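Okay, so here's just one chain, in structure tokens, the form deposited in one PDB entry.
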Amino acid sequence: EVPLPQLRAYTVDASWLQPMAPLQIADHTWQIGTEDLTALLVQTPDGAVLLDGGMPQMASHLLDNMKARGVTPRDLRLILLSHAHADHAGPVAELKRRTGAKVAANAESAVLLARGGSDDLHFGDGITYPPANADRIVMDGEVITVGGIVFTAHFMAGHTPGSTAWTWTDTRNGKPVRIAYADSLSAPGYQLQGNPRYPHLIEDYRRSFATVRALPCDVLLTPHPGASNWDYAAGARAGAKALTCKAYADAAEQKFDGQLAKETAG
């Protein structure tokens, strides 16, 4: 007599859940997540912005890192997201409860976030998290300005429909640094061709490769740092080997073309 299976928790490599101290990227930009998941704090005279939070259990760690940086819960003004999967948007609901932060996201990301990542086009209910509501819906190319830092949304659908690259200009050693936080361009276990839930998946990915290639991009960061060749545990050399946006897009496209061939064969 065989019962139905137990629910399976979304488990991940230890490095994804390994806390790290804040790592400075530019004068007002810091990595405050874990060794293998990005969560970017951008510190402004008019309050702080967080781009991604990582996994659901990273909430208190993020708040601790913010505190270390001189950012109290009420100082957090905005949360922005690369995409609404559990390993990047996971703590967003809790962050909203515990801080003054409002979430801006595109329509697709907002809808997936509000579902807590359930009914995912590819994952189903395999990888879910506490749902959260967006406070503001953003359009492609729309800018949001916080204490003088201008964040621009660049839609790059594929990994999720609502996948977004966020760009802004910070400063370092006296000069401006155009940072590109480009979303994932992977398709882990995705049915790419003739997917009834995403009929134009392939065409969106191709447009997203071109979008990522063309971003203003002195420094590239990615939700999974390894994808842009970042090593957050490497301290002063964390970003030394980082890819350009062009190289990141090219690598993603070559990998995607291989996955297409393997799927056709499969």
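Sequential numbering from 1, following the sequence displayed. If you superpose the two forms and keep the largest set of C-alpha atoms that fall within 1.5 Å, you have the rigid core. Only residues modelled in both forms are compared.
- Comparing the deposited coordinates for 142-150 and 88-96, the stretch with the larger average C-alpha B-factor is 142-150.
- Taking the mean C-alpha B-factor of each stretch as recorded, 67-75 and 133-141 are not equal, and the higher mean is that of 67-75.
- When the modelled residues of the chain are ordered by their C-alpha B factor, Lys102 lands in the middle third.
- When the modelled residues of the chain are ordered by their C-alpha B factor, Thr222 lands in the lowest third.
- Compared with the other modelled residues of the chain, the Cα B-factor recorded for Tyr198 ranks in the lowest third.
- Annotation for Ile127: CA B-factor lies in the middle third of the chain's modelled residues.
- Looking at the C-alpha B-factors along this chain, the one for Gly189 belongs to the middle third.
The discussion below concerns the form deposited in another entry, not included here.
- Just one of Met20, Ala242, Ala247, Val12 moves its Cα by 2 Å or more between the shown form and the other one on a rigid core overlay, and this residue is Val12.
- Figure legend: C-alpha atoms of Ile32 and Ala9, shown here, are separated by at least 3 angstroms more in the other form.
- In sequence order, 1-16 is the sole run of at least 3 consecutive residues whose Cα positions differ by 2 Å or more between the shown form and the other one once the rigid core is superposed.
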